[PDB]
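In: What would the 3D arrangement of this be:
(7 chains, ligands or ions: 4)
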Amino acid sequence: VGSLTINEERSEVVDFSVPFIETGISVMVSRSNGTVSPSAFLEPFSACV
Amino acid sequence: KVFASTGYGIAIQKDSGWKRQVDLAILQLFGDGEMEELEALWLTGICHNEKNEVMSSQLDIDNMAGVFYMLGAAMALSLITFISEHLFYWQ
Amino acid sequence: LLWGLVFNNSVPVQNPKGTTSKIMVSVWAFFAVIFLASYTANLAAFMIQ
Amino acid sequence: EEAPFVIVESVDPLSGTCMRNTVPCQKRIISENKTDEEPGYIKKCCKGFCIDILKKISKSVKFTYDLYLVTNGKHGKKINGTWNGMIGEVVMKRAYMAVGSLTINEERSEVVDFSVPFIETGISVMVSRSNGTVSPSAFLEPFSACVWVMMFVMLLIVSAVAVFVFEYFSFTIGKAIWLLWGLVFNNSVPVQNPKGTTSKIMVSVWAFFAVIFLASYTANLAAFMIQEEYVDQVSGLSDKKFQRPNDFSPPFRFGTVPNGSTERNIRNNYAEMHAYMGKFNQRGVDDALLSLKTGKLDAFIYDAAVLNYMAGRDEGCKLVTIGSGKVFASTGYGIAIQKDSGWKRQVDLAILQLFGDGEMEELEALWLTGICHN
Amino acid sequence: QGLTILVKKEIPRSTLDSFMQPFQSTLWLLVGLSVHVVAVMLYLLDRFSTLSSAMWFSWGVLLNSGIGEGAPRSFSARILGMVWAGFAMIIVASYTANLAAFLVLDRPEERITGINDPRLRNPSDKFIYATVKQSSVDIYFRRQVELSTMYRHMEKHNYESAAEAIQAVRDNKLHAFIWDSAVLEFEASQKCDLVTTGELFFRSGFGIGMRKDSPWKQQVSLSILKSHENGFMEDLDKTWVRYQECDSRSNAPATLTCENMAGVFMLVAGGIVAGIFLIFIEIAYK
Amino acid sequence: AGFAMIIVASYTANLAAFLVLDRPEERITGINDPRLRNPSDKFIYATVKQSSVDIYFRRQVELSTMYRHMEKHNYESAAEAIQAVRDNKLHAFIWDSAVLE
Amino acid sequence: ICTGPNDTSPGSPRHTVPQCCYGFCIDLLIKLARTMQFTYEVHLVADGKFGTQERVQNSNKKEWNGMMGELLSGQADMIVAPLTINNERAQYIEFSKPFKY
Ligand SMILES: *[C@@H]1O[C@H](CO)[C@@H](O[C@@H]2O[C@H](CO)[C@@H](O)[C@H](O)[C@H]2NC(C)=O)[C@H](O)[C@H]1NC(C)=O
Ligand SMILES: *[C@@H]1O[C@H](CO)[C@@H](O)[C@H](O)[C@H]1NC(C)=O
Ligand SMILES: *[C@@H]1O[C@H](CO)[C@@H](O)[C@H](O)[C@H]1NC(C)=O
Ligand SMILES: *[C@@H]1O[C@H](CO)[C@@H](O)[C@H](O)[C@H]1NC(C)=O
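Out: Numbering: from 1, shown residues only, chains lettered A, B, ... in the order given. Ligands and ions are numbered 1, 2, ... in the order given. Take a look at the structure below.
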């Protein structure tokens, strides 16, 4: 027990139970700042005005 | 955005007539919501929130770039107009 | 003139004499104030979400 | 049968069935006079909050019990040196000990005994929620005074500079102040313009100050117009509003409930006010509730915990408690015991034991909570 | 009453002298150039189809005032200046907007906690949180074994008395102290740096303590209960418990007085001094 | 003139306040929302009969007050339920994600 | 192709009309087939309910309506659909590893 991701290569030399919890491959990245649209000024109106 | 998606698990050497028992057991557990409490007791933390907003500032950025572009548009259109006076220098 | 009025009339311009036009341009400027104020409010909106 | 403590309900008509959580709860007295009226055993089953704590106790002190509802009176205000109500049903030794909801107080506390209390409580007030308590001084808010005076002196000094520079470069105070002020204030005003490059530069850069100033100010005002405070109006029974009832307004309406404990308190500290209240009795709770929704009733005075419940469970997520729970006539609920059972001690130590293990967290968080809790 | 926590609050970064705040001074210079840019483009468009004035004209258009009497003589500059003014409005608006955004939206503060904050279930270095030895708090902890990891982790710092603990948290020696309300709240209302936190635990109450059954024990009980109706008890509070208040709330928007506008007030005076000798040299050109 | 400025400012401010601050909305819930622990009239919340959802409920007796209170409305199939909640016949439907989302 | 019922209501012509089925799982099935060398013929279930374990006959027996019924009685031999996992179901059936958490 502990933590063993399931996958093919493993899954034929031993067996496996039913899984606990979702998981998989993902990504982490530091957090930037101020993602304000470069079109902020044109934002608050349609054209019809 | 988990994408290569699977689960954790529990290893068992081949073909122990147990395997079935472990299986039915853990499922039984999922029944009674205990994998709520365990989850909420260890795998949680502060900062759990969807979105927020921070006081950005000091914008020498692509926005004002677009604005200045709308500006220079003026010089463009102006020069376009300019020559038109030459046209009536002939009429 | 009228454009300038809409836009926080920095600009200088000669003024139309005669009560008719006087009234007209005045009420126009009334439109101007509302317009500008609204617009600023909306921009202040977007700069929070 | 008080609302969120001792809920009652009838069995599924199948087989006396109910919902294993509850316990049998017959009110084996049926009120009737035309026939002999042998006390009819109409089995029902109750559940709630108080009940659970009853159950846990009983298990931990190893006894058994049945329940037995009540008929005449509800909480027994004594009358003619006589106790009706459940206090009755325990003083005349027809029923051994009472639970449910009984505020503690002197008059009671000498005819029976009492346990250690569960949960804070007492007398408090409910009142519908107004709107827009924005300060009548909002406009003057976003500045101190020092801004304005610093402005003034800047005015004077720059005006003097206009005098000192305008006379020698290449009609000043009669106007210059006027001009500059106007400039500060979104210069609607018309005014003659100072010719000469010196003053030109000066006034220009001054206006630069102007723009910043105005913009800032507006921002700050927009700030304050987002953090209101909804300061409630009545502020505790000591308020004279609750003392000069017909005097200093179109009079209020101090709804109450008779027969209770609270009433028994009021009529011992402000009999004058009790008089004016007398003509607004609201039987039951929901009566007053609705009457409070629709203007018939102005503000309401009653036990606390029942209110801190009925609040957080009303669709319009606003009713309110007046001072964010300014419980003032303060005591606890409890458990009645007829005099001097050598038990009393056991019950006591038991409930305290319970407070130990935080179960009066879970019970609390399972019943006495609601949405709109903010 | 019951138990709560307390912990030193951090003072908000409401910056006043930050006047140039929303603009990343780079951009300001960008403006300072673009202005003359369009100015010269103007008088150029003038001379072909008023060459020092247009400078005045533009700077006016930006600063809403100070007007000369220039104008467009051409047709081109007409459109030029029109859109120029448009630009101007856009600036000043945007500036206001972002100033507002900064001023109203505060930091996301996380000192807030509860009791189930994991940050108090799995301690680390950075969370020593003691209490008063031999005190009822202790008894509540140890006999709730499910909390044991807390319990033992705290035992290595437990203090001796109130004043000890409070004076401690004044100086960040610890991070969190955990005690009962009708002391902490009075504290946070009198002293002015400390603040309570989320909800309670231990709905207990204080109380007069007797021996085993000295008779008039029973007597005294009655009296207390009476006092809770003549308000006499209720009276004593204002006399002792809720009289001193540091106005205290959420992070409230705060009026500004002079820590900011001085930030440009000074600029004012500067525009003054320069002027004078410019005057001299102006005469020089003369 | 001072007065004038005060007006126009204030007006802008309150327009902003209105435009940005929205209603406090309470449709949001969880699973422990008491409003799903002590039903009333105004909360019928069904599911699909003979469906795994059912099995999860009944065998968790601590939820029984929910369970039985729901049994009197349980529907027949997805389309039934969805087309139902289109028209406020019920208030809340409770099912699995990779269909609802 | 997909042989199914016109079971718009109890008492229908029950005419087992052929229709055509398609989408996600069908795609999955096809991939499996073309990698697993067999043939197949789908057809919708009798009733429409997934399946649970209920006593019937007013005797001591409990059977499954629903899909799993036609899995055990032989009418079928593999279920491909949005079928949940559980406990009871895992008593009488085997489960491949999951394929969408
Ligand atoms: C206490 O509740 C009783 C309800 O039992 C109310 O009292 C009166 O109620 C009795 C009971 O039927 C009637 O016989 C009397 O005619 C009622 N009016 C009187 C006594 O004036 C009332 O809500 C409370 N009791 C009192 C005395 O106000
Ligand atoms: C965001 O701000 C931080 C500090 O406020 C600093 O690292 C830099 O300005 C920005 N960094 C990133 C990664 O966006
Ligand atoms: C009390 O009741 C008795 C009869 O039981 C009656 O004679 C007496 O007048 C009553 N007095 C009061 C004050 O209720
Ligand atoms: C508050 O608003 C409501 C409806 O929005 C209405 O009753 C009235 O305008 C105000 N009432 C009170 C009690 O403030």
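
In: ok, how many other residues are close to residue 9?
Out: In the absence of a named chain, chain A is used. Residues lying near residue A:9 (other Cβ atoms under 10 Å in any protein chain shown) number 6. All C-beta atoms are positioned from the backbone trio N, CA, C, and that covers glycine.

In: that's the wrong chain, I meant chain G
Out: For residue G:9, the count of nearby residues is 6 (other Cβ under 10 Å).

In: list the contacts for residue B:11?
Out: When contacts are counted by Cβ atoms under 8 Å, 6 or more residues apart in numbering or on different chains, residue B:11 touches A:1, A:4, A:14-16.

In: Not counting stretch B:80-91 itself, show me its contacts.
Out: The contact list for stretch B:80-91 (Cβ under 8 Å, 6+ apart) reads E:45, E:48-49, E:75-76, E:79.

In: all strands for chain B, in order.
Out: Shown for chain B, the strands assigned by DSSP state E span residues B:4-7.

In: How about it: which residue is closest to chain A?
Out: In chain B, no residue comes nearer to chain A than residue B:7, which is 2.6 Å away by Cβ to the nearest Cβ.

In: can you pull the contacts of that residue?
Out: A:5-6, A:19-23, G:98, G:101.

In: at 10 Å instead, please
Out: A:5-6, A:16-24, G:97-98, G:101 (Cβ atoms under 10 Å, 6 or more residues apart in numbering or on different chains).

In: cool, and residue B:13?
Out: Residue B:13 neighbours (Cβ under 10 Å, 6+ apart): A:13-15, B:19.

In: What about the residues you listed, which one has the most neighbours?
Out: Busiest of those [other Cβ under 10 Å] is residue A:15, holding 18 neighbours.

In: how about that residue, secondary structure?
Out: Under DSSP: H, G, I helix; E, B strand; the rest coil, residue A:15 falls in the coil class.

In: quick one: it from residue G:101, how far?
Out: For residue A:15, the distance to residue G:101 (Cβ to Cβ, to the nearest Å) stands at 20 Å.

In: Repeat that for residue E:92.
Out: From residue E:92 over to residue G:101 (counting by Cβ to Cβ), the distance is 53 Å.

In: So which of these two has more stuff around it?
Out: The neighbour count for residue E:92 versus residue G:101, taken as other Cβ under 10 Å, is higher for residue E:92 (18 against 14).

In: tell me which element the more buried one is part of?
Out: Taking DSSP states H and E as the criterion, residue E:92 maps to helix E:76-104.

In: Nearest to residue B:24 among the contacts of stretch B:80-91?
Out: When these are compared for distance to residue B:24 (Cβ to Cβ), residue E:79 wins out at 80.3 Å.

In: Between helix D:146-166 and the strand or helix carrying residue E:273, find me the angle.
Out: Following DSSP H and E, one finds residue E:273 within helix E:262-285. Using axes from the mean of the first three to the mean of the last three Cα atoms, to 10 degrees, the direction of helix E:262-285 lies 0 degrees away from that of helix D:146-166.

In: List the contacts of residue E:44.
Out: So residue E:44 contacts B:82, E:51, E:54, E:76-77 (Cβ under 10 Å, 6+ apart).

In: Kindly provide the distance from it to chain F.
Out: In this view, residue E:44 and chain F are 38 Å apart by Cβ to the nearest Cβ, to the nearest Å.

In: Repeat that for residue G:76.
Out: Distance of residue G:76 to chain F, computed by Cβ to the nearest Cβ: 18 Å.

In: and that residue, how far is that from chain D?
Out: On the measure of Cβ to the nearest Cβ, residue G:76 and chain D end up 37 Å apart.

In: part of a strand, is that residue?
Out: No. The assignment for residue G:76, made by three-state DSSP, is coil rather than a strand.

In: So it sits against residue G:43, correct?
Out: Yes. Using Cβ atoms under 10 Å, residue G:76 is in contact with residue G:43, at 8.4 Å.

In: Which neighbours do those two have in common?
Out: residue G:70.

In: Can you tell me which of the contacts of residue B:13 comes closest to residue E:260?
Out: Nearest member of the contacts of residue B:13 to residue E:260, counting by Cβ to Cβ, is residue A:14, at 68.4 Å.

In: List the residues that contact the closest one.
Out: A:4, B:11-15.

In: repeat for residue A:21
Out: Here residue A:21 is in contact with B:7-9, B:35, B:38-39, B:43, G:101 (criterion: Cβ under 10 Å, 6+ apart).

In: residues touching the residue nearest to residue E:23 when sequence neighbours are not counted, list them.
Out: Leaving out its chain neighbours, the residue that sits closest to residue E:23 by Cβ to Cβ, 6 or more residues apart in numbering or on different chains is residue B:58, at 6.0 Å. Residues in contact with residue B:58, defined by Cβ under 10 Å, 6+ apart, are A:34, E:20-27, E:98, E:102.

In: Tell me which stretches of the chain form strands.
Out: Reading this off chain A. Secondary structure of chain A by DSSP E: the strands cover A:22-25.

In: if you could check chain E rather than the one you did, that'd help
Out: E:3-8, E:177-180, E:194-195.

In: Make CSV out of those and add distance to residue B:77 and mean neighbour count.
Out: Converted to CSV, the strands of chain E look like this (distance: least, Cβ to Cβ, whole Å; neighbours: other Cβ atoms under 10 Å in any protein chain shown):
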stretch, distance to residue B:77, mean neighbour count
strand E:3-8, 60, 20
strand E:177-180, 69, 21
strand E:194-195, 60, 19
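
In: Same list, those strands, but as TSV with distance to chain D please.
Out: Formatted as TSV, the strands of chain E follow (distance: least, Cβ to the nearest Cβ, whole Å):
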stretch	distance to chain D
strand E:3-8	11
strand E:177-180	14
strand E:194-195	17
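
In: Which one, of these, ends up nearest to chain G?
Out: strand E:3-8 (38.2 Å).

In: list the contacts for the spatially most central residue of chain G?
Out: Residue closest to the mean C-alpha point of chain G, counted by Cα atoms, centre = their mean, is residue G:67 at 4.0 Å. Residue G:67 sits next to G:44-51, G:75-76, G:79, G:81, G:83 when contact means Cβ under 10 Å, 6+ apart.
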